[PDB]
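Student: Line by line, the protein sequences are chains S, H, A, F, V and X.
All residue numbers for the first sequence refer to our numbering, where the first residue is 356 and numbers rise by one.
All residue numbers for the second sequence refer to our numbering, where the first residue is 356 and numbers rise by one.
All residue numbers for the third sequence refer to our numbering, where the first residue is 6 and numbers rise by one.
All residue numbers for the fourth sequence refer to our numbering, where the first residue is 6 and numbers rise by one.
All residue numbers for the fifth sequence refer to our numbering, where the first residue is 137 and numbers rise by one.
All residue numbers for the sixth sequence refer to our numbering, where the first residue is 137 and numbers rise by one.
No residue lacks a Cβ here, since even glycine has one placed at the ideal position from N, Cα and C.
Below is the structure I would like to discuss, written out as structure tokens.
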Amino acid sequence: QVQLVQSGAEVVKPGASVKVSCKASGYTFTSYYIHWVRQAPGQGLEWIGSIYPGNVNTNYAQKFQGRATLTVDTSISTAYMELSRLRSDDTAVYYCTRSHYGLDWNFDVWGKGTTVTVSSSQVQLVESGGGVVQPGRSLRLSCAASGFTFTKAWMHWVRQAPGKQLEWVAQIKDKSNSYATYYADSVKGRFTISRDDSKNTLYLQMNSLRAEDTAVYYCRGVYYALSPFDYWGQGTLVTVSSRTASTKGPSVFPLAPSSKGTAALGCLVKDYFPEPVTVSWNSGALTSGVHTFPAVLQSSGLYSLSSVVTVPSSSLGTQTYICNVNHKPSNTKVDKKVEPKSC
Amino acid sequence: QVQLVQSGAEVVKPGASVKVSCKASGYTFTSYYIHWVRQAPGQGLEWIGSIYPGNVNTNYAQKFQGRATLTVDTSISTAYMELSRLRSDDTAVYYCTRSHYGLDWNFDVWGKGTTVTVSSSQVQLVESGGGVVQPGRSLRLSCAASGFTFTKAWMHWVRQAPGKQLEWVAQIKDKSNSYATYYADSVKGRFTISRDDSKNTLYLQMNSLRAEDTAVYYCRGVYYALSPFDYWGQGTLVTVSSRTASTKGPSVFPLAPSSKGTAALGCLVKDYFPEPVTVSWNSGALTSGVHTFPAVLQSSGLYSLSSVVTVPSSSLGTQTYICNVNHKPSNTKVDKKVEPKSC
Amino acid sequence: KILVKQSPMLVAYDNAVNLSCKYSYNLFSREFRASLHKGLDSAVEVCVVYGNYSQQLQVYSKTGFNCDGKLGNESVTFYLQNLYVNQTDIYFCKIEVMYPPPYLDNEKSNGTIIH
Amino acid sequence: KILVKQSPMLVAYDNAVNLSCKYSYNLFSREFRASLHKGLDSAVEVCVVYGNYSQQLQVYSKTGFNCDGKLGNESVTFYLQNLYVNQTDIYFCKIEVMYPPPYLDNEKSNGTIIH
Amino acid sequence: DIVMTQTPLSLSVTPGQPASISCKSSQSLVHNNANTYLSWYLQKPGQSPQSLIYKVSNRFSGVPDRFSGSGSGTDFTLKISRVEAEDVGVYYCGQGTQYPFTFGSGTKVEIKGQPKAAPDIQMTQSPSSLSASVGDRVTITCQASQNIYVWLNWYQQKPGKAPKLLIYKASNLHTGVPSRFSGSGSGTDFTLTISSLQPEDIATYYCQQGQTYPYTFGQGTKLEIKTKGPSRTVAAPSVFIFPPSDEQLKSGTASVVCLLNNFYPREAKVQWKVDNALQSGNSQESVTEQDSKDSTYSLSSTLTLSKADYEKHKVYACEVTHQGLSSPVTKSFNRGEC
Amino acid sequence: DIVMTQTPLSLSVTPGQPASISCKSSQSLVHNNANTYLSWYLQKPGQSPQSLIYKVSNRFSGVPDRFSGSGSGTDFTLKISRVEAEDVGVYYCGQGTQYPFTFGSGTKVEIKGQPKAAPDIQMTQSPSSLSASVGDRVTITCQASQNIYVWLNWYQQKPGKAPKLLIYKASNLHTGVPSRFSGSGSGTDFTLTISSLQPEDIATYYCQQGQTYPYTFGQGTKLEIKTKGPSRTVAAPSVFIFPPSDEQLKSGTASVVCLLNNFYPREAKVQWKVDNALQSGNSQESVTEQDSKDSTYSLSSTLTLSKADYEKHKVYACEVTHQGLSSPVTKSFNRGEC
Ligand SMILES: *[C@@H]1O[C@H](CO)[C@@H](O[C@@H]2O[C@H](CO)[C@@H](O)[C@H](O)[C@H]2NC(C)=O)[C@H](O)[C@H]1NC(C)=O
Ligand SMILES: *[C@@H]1O[C@H](CO)[C@@H](O[C@@H]2O[C@H](CO)[C@@H](O)[C@H](O)[C@H]2NC(C)=O)[C@H](O)[C@H]1NC(C)=O
Ligand SMILES: *[C@@H]1O[C@H](CO)[C@@H](O)[C@H](O)[C@H]1NC(C)=O
Ligand SMILES: *[C@@H]1O[C@H](CO)[C@@H](O)[C@H](O)[C@H]1NC(C)=O
């Protein structure tokens with residue numbers, strides 16, 4: 356019965372603090388220099404501080420002072436940990452571990468750990484698209500609003516050239532103001548910003564690309580009413596230079612299905628180069644029993660692959676089946692429906 | 356008006372303390388490091404300590420710490436000195452002197468000094484006689500009791516041989532106990548202790564001297580009633596050895612007086628050797644107008660002198676005139692009356 | 006309380022000197038920690054000593070200094086060796102009683118100086 | 006109150022080093038005493054400095070040490086020279102404001118060490 | 137057309153020290169609606185912008201009281217009392233009143249050296265994961281970049297449970313752990329000697345350092361178990377054959393597939409028998425990696441040829457063979473018809 | 137016959153440290169009156185005994201509570217809590233019950249070194265008193281035994297009044313004192329230069345030291361004024377003549393005196409004229425020193441001779457001459473008669 360009773364499954368948003376408990380018994384609670392150790396999933400353990408009522412003077416870690424706050428209480432033999440301003444990278448499995456008497460070099464008995472997960476207070480403005488594109492050609496971006504009330508926001512697009520300041524490009528107004536559109540003049544006629552209120556999503560088309568366009572692109576959401584906010588995006592990397600890299604996008608072909616009580620079907624993507632192509636199924640909702648086969652090099656120097664799936668042979672008229680192939684080096688996306696041959 | 360008002364004529368017994376006052380004005384009393392300086396008559400000045408409310412920490416003199424105690428008070432700008440356990444050698448003229456601001460090296464303005472005299476709480480048992488004496492011969496000592504009630508005391512004589520312990524010799528009892536006499540056995544028959552209650556004086560005769568008698572002699576007074584005390588003496592030095600030093604004591608001769616309205620008379624001490632003889636007048640009560648003439652060396656190798664005095668020619672039948680000659684090297688005392696020739 | 010007394014100067018001739026802290030409590034048969042450091046900002050910890058009832062004077066180091074374990078009646082002794090010229094700095098003594106709670110420490114034990 | 010800050014170490018190369026106490030009060034135009042000693046038992050007093058409104062930085066010594074007078078805005082500087090090997094000891098700073106009474110001193114100003 | 141002059145362009149002051157940036161305007165940011173659409177932002181180095189101050193004197197909810205806006209007309213000042221790690225990075229200001237909007241030049245901010253941390257400690261453990269059999273002598277090392285005389289601590293931690301201290305020294309048997317968990321080291325770099333690897337040793341091992349603060353063992357030597365399949369039993373495959381698309385026939389090429397599915401082991405044999413005339417030289421084999429759940433592989437065979445020669449024959453099959461198959465299955469089809 | 141064994145025979149302990157002496161007896165000091173006549177004394181080194189403890193547990197009034205007696209029968213212990221300077225010195229104990237009494241052997245007590253005082257300072261000033269005329273250049277020195285760089289202070293102090301600081305440095309004119317009070321010194325021993333001695337400088341001069349505590353200038357250079365008589369006017373003498381005693385005539389010798397009294401100046405002339413036959417070769421002259429009050433001398437002349445030659449003549453006189461005497465007085469007498 357020499358252990359450390361740890362607190363329960365506690366989960367909250369980023370930035371807010373958390374109060375943890377660690378009840379000690381079976382030994383001298385008033386000694387042994389209680390610790391705290393969090394386990395960031397992906398690598399090993401961690402350390403923050405040691406605690407003793409006698410030496411509550413400052414002995415913590417560098418980017419920990421001011422954030423963590425250790426306490427104890429002899430009357431019920433309990434220790435508490437309280438991490439504040441919890442960033443997203445603070446999500447880990449927290450332990451309270453006990454050093455030996457008067458010293459700190461070995462950890463005697465470890466607490467049973469704690470569930471401490473933090474993620475995505477709101478799913479902020481998350482951008483998409485971008486990458487390698489020759490000048491003069493086109494490209495379209497994206498921005499997925501979630502966690503908040505999109506339809507009423509004032510949406511912008513603000514870019515940051517490498518090492519430069521922030522450059523406002525275009526803002527679109529919410530649905531009440533006739534979907535008002537305003538551009539910076541460097542994109543007058545070239546670009547066009549847009550949105551689908553039905554989809555919590557903001558779009559911006561980029562045409563007649565020049566090198567001045569070489570900049571990160573941040574998606575912006577603005578509100579100035581009795582509950583105001585200005586929400587930035589994540590940033591999507593968009594660069595312009597004249598790299599030939601002669602590349603062709605895949606042709607896509609349907610593996611027509613038939614009967615047998617289990618069936619199968621797939622999509623065939625042929626003659627594509629370079630590597631790789633990404634294949635999603637039903638726009639991200641079909642994963643169970645899917646095998647996307649590894650790229651195979653053909654004699655022609657061109658790659659090729661196929662992706663298949665097992666579903667019941669019953670629903671083949673009922674459920675609708677569509678494969679997605681996005682090949683951003685060639686900057687070509689293709690979708691195809693797979694329905695049995697009308698024989 | 357930049358001065359130090361000192362206290363008045365304060366006089367008390369030894370051992371008791373004394374509180375002195377020194378009022379400061381005309382400047383910043385709360386600075387300048389007040390001091391105290393006592394003037395022992397016979398040599399120069401003295402020093403005890405400096406005082407400041409800010410540094411009341413211990414900065415005094417060696418045989419002064421614990422005895423002196425300096426204080427101040429800002430509300431009336433006064434300084435106080437309080438010497439305790441006042442020994443007889445503490446009698447002096449006390450001053451309060453002021454150092455310059457923030458420093459102590461010069462004394463700026465001296466207080467007007469204080470009358471501080473101490474002497475003889477009681478005139479303790481004071482011994483007399485003693486000195487050079489060949490062995491086997493006699494000698495008589497003395498002890499003058501004053502300041503206390505002698506007639507009821509238990510009187511002893513305790514000697515201290517050189518570097519040795521204290522040796523009780525003889526005690527005599529007070530007047531109630533039949534003047535009881537008790538001797539140590541080494542003096543049984545030799546010595547005899549005695550007293551005159553009328554004279555507050557204790558006597559001890561020393562006969563058949565031997566070298567064992569070589570010791571200081573302390574006069575003792577004892578009482579064990581509802582107000583008890585044991586009073587020691589001062590100590591008189593008595594040594595025995597066989598130093599010949601062939602010496603003769605003076606013959607004394609009267610300068611017979613006559614008329615003229617002023618008269619004179621003296622005593623002639625002739626043929627004495629070695630030096631000197633002491634001549635007192637009327638057993639210590641006649642000093643005004645007395646000239647004791649310096650020793651004159653005679654042809655015979657022997658010294659001689661005369662001592663004279665001027666008194667009115669009126670009282671020559673009335674007042675009685677007697678000279679005293681004590682010559683302790685020869686251990687001979689002689690007294691002579693000087694009355695005009697009955698012509 | 007606890008009080009501490011140690012030398013005001015100790016010139017370590019030929020990298021050899023003895024440092025002792027005169028401690029004030031009962032004879033023995035308790036648990037304790039008697040630490041030694043270097044700096045008032047707690048720049049260095051040089052040695053620290055404890056002993057159980059039977060277990061003898063356990064002794065180790067945390068900045069690799071050389072330390073031996075010596076204990077008497079109610080006084081500690083540090084057998085420090087392998088000195089240098091630069092780490093010449095002030096040296097202080099520390100104490101912490103555990104039973105009973107709470108702990109009423111000493112003022113900053115004056116310390117010592119070495120050469 | 007008053008607070009004091011000074012170096013934690015100053016190796017006096019070739020018997021030459023500068024010692025300064027960072028003092029905390031108003032600019033100037035008061036009366037003061039900024040003392041320097043050697044030992045925590047007040048074994049030695051090495052120098053002490055005061056300056057009147059017009060009168061410049063008066064400076065002297067009481068154990069015959071060498072001291073120059075240097076004053077800035079609210080900081081003192083000691084130009085100490087003629088060092089030795091044995092008197093190498095800790096050095097502390099002292100302060101005493103006079104107006105107004107009473108005096109709420111500093112804790113023992115940490116001090117400095119020399120070589 | 138209304139450019140923002142951030143004043144100054146950079147600064148830094150020790151933690152606790154204050155600061156001040158001033159956004160001076162070209163024109164008046166007061167709008168014909170009697171509002172000022174100024175703003176203050178912070179771009180942490182390497183991250184997206186995040187907003188701080190909505191109108192002028194107006195702090196976004198979730199921002200600590202350490203920030204504060206101020207100003208009016210064309211004079212605008214931003215102050216910060218205590219600068220910590222969360223406050224380092226560039227600051228901008230922007231008008232939102234007259235089109236087109238503008239941002240400041242960027243007020244780069246960081247902290248000038250607080251206590252000389254003397255960078256803490258570095259603990260290297262190899263590997264991140266090995267594959268050692270049961271019983272093999274495994275001895276994992278532990279290296280540091282500084283001189284820790286002796287402060288190692290070995291924490292057996294199966295992924296999921298609380299860390300279990302194995303040895304409370306460089307090499308000293310901690311109680312509760314068998315006598316085979318021994319260690320060794322002569323000098324700067326110590327080690328741990330597991331004599332025999334056992335099934336309960338399937339864990340992620342750790343070594344601690346203990347000489348100076350701070351502390352990060354935080355590496356992980358995840359000892360994963362070794363078997364390709366033996367602990368995963370026989371799984372006969374599920375065999376399907378796909379003809380080409382009428383889309384590709386009209387393009388000249390004609391691909392055919394013989395998809396196997398969910399078999400263990402990896403060993404498989406496929407043979408395209410066109411017209412029972414065993415063909416050879418047209419097929420590429422592609423196989424997946426062992427599944428996360430069932431530890432089974434799944435395989436495809438892509439026979440390919442031209443329309444011209446495809447329209448010649450009619451029967452297309454692929455005799456699949458396997459261990460889990462009692463007999464070679466022969467899935468087939470005929471051309472054109474269904 | 138009842139000897140006292142003091143136990144021990146010596147001791148010493150730092151100030152504040154306790155002590156204990158034990159007086160062990162030969163016989164029982166309890167008297168047939170049911171009292172014990174023991175006592176405890178202290179002999180300070182170089183002084184007479186002083187009593188402390190009257191019966192056994194009984195302290196004499198005026199003794200501090202630091203002393204205390206104890207015991208009974210033949211066991212007797214004396215204890216002292218804090219030993220100071222007043223307590224150093226030998227201790228004895230004595231019985232007062234059975235004759236003859238006895239004392240202890242002596243318990244020598246002092247103090248073992250308290251703080252190393254590093255003996256304070258020594259200030260030598262010469263002379264204790266000089267006799268310098270008015271206006272003479274007087275420069276009194278001041279020597280020390282240690283190295284005081286500059287800490288002298290000159291205190292003019294006429295005997296009787298408060299000390300007056302003359303110079304608040306080695307040589308720096310203190311304000312309130314004329315520009316003639318200058319000093320000088322090059323090195324270890326400084327001095328003071330009074331250019332002209334004046335009547336108000338009749339004082340006892342002092343020099344102070346000011347480098348380390350303690351402090352004692354305490355010497356005194358008493359500048360006393362010089363004149364034998366000039367400021368003491370003429371005083372004619374008073375002349376008396378004494379014949380011998382009839383006691384000494386019957387012893388063979390016959391002394392005669394010519395006593396002068398209370399004259400200034402010292403200059404005097406005496407001539408014994410026996411029978412107006414001026415004698416010469418028998419008289420010794422003896423004179424006193426200048427009186428404390430009137431500054432006058434007083435002189436005797438002792439003519440001497442034998443009975444045999446004394447009974448020859450009848451007239452004996454001594455012509456005294458002086459300045460204050462308008463004419464030589466001739467006091468005389470005749471033999472036998474009156
Ligand atoms: C002497 O140095 C010590 C460092 O060991 C100082 O301790 C702390 O200093 C910070 C400021 O740097 C203060 O905020 C703390 O309150 C101090 N702690 C204590 C316990 O005082 C110390 O301040 C320095 N001396 C003085 C007199 O301040
Ligand atoms: C450090 O040394 C100082 C001496 O400068 C000590 O100061 C005094 O010491 C005596 C005993 O020797 C005590 O009676 C006093 O109370 C001490 N004074 C003060 C102000 O504390 C000091 O005691 C020593 N350090 C400690 C912690 O006691
Ligand atoms: C002491 O420090 C100095 C730095 O100035 C360095 O050069 C010297 O080597 C150090 N002493 C030793 C013994 O390394
Ligand atoms: C330092 O003290 C020692 C005492 O051991 C002495 O011998 C030496 O001479 C002193 N140093 C100097 C420079 O006098």
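Please classify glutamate 473 (chain X): is it buried, with 16 or more other beta-carbons within 10 angstroms of its beta-carbon, or exposed?
Tutor: Exposed, by the Cβ-count rule.
Student: Tell me which residues pass a beta-carbon proximity test against ligand 4: closer than 6 Å to any heavy atom, given in chain order.
Tutor: The filter returns F:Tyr89, F:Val90, F:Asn91, in chain order.
Student: Taking only three categories from DSSP, how would you classify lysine 507 (chain S)?
Tutor: Three-state result, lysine 507 (chain S): helix.
Student: Please classify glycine 74 (chain A): does DSSP put it in a helix, a strand, or coil?
Tutor: Three-state result, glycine 74 (chain A): strand.
Student: Are the C-beta of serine 381 (chain X) and some C-beta of chain H separated by less than 8 Å?
Tutor: By this cut-off, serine 381 (chain X) is an interface position.
Student: Could you confirm whether any beta carbon from chain S is found closer than 8 Å to the beta carbon of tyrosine 30 (chain A)?
Tutor: False, the Cβ-Cβ gap to chain S never drops below 8 Å.
Student: Name the one or two DSSP bridge partners that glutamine 417 (chain H) has.
Tutor: Its beta-bridge partners do not exist; DSSP assigns none.
Student: Given a threshold of 16 other Cβ atoms within 10 Å of its Cβ, counted over all protein chains shown, does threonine 591 (chain S) qualify as buried or as exposed?
Tutor: Classification of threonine 591 (chain S): buried, given that the 10 Å Cβ count is 16 or more.
Student: Can you give me the C-alpha to C-alpha distance between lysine 688 (chain S) and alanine 525 (chain S), rounded to a whole angstrom?
Tutor: Those two C-alpha atoms are separated by around 26 Å.
Student: Helix, strand or coil for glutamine 92 (chain F)? Go by DSSP, reduced to three states.
Tutor: The answer is coil: DSSP assigns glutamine 92 (chain F) none of H, G, I, E or B.
Student: For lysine 692 (chain H), collect the residues of the same chain with a Cβ closer than 6 Å to its Cβ; drop the 5 residues on either side in sequence, then sort them by chain order.
Tutor: Taken in chain order, the residues that qualify are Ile677.
Student: Using CA atoms only, rank isn't needed, just tell me which of S:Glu401, S:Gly399, S:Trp512, S:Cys377 is closest to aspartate 568 (chain S).
Tutor: Nearest C-alpha to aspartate 568 (chain S): S:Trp512.
Student: Strictly under 8 Å for the Cβ-Cβ distance: is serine 405 (chain S) near chain A by that measure?
Tutor: Cβ-Cβ to chain A under 8 Å: no for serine 405 (chain S).
Student: Counting only runs that start and end within the stretch 363 to 430 of chain X, where is the beta strand (DSSP E) found for 3 or more residues in a row?
Tutor: If we require 3 residues or more, the beta strand (DSSP E) runs fully inside the stretch 363 to 430 of chain X come out as 376 to 378, 389 to 395, 405 to 410, 419 to 423.
Student: Scan the stretch 571 to 651 of chain H and note each continuous beta strand (DSSP E) run of 3 residues or more that stays entirely inside, going in chain order.
Tutor: Runs found: 584 to 586, 591 to 595, 606 to 610, 617 to 627, 633 to 636, 645 to 647.
Student: Measure the alpha-carbon distance for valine 245 (chain X) versus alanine 371 (chain H) and round it to whole angstroms.
Tutor: One C-alpha to the other measures close to 25 Å.
Student: Taking only three categories from DSSP, how would you classify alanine 566 (chain H)?
Tutor: If DSSP states are grouped into helix, strand and coil, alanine 566 (chain H) belongs with the helices.
Student: Mapping DSSP to helix, strand and coil, what is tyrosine 658 (chain H)?
Tutor: Strand at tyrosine 658 (chain H).
Student: When you measure from the CB of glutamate 50 (chain F) to every non-hydrogen atom of ligand 2, does any distance come out below 7 Å?
Tutor: No; taking the cut-off as 7 Å, the Cβ of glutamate 50 (chain F) has no heavy atom of ligand 2 nearer than that.
Student: Measuring alpha carbon to alpha carbon, tell me which residue in X:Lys305, X:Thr438, X:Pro295 is nearest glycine 417 (chain X).
Tutor: It is X:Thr438 whose Cα lies nearest to the Cα of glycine 417 (chain X).
Student: How is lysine 467 (chain H) classed by DSSP in three states: helix, strand or coil?
Tutor: Coil at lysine 467 (chain H), not helix or strand.
Student: Determine the closest residue to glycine 616 (chain H) out of H:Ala535, H:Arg442, H:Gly485, H:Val666, with distance taken between C-alpha atoms.
Tutor: If we check each option's Cα against that of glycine 616 (chain H), H:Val666 comes out closest.
Student: Where does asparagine 111 (chain F) fall in DSSP's three states?
Tutor: Of the three classes helix, strand and coil, the one that applies to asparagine 111 (chain F) here is coil, per DSSP.
Student: Name the one or two DSSP bridge partners that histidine 390 (chain H) has.
Tutor: Beta-bridge pairing links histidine 390 (chain H) to H:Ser405.
Student: Please check if any C-beta of chain X sits within less than 8 Å of the C-beta of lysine 99 (chain F).
Tutor: No, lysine 99 (chain F) lies away from the interface with chain X (no Cβ there is under 8 Å from its Cβ).
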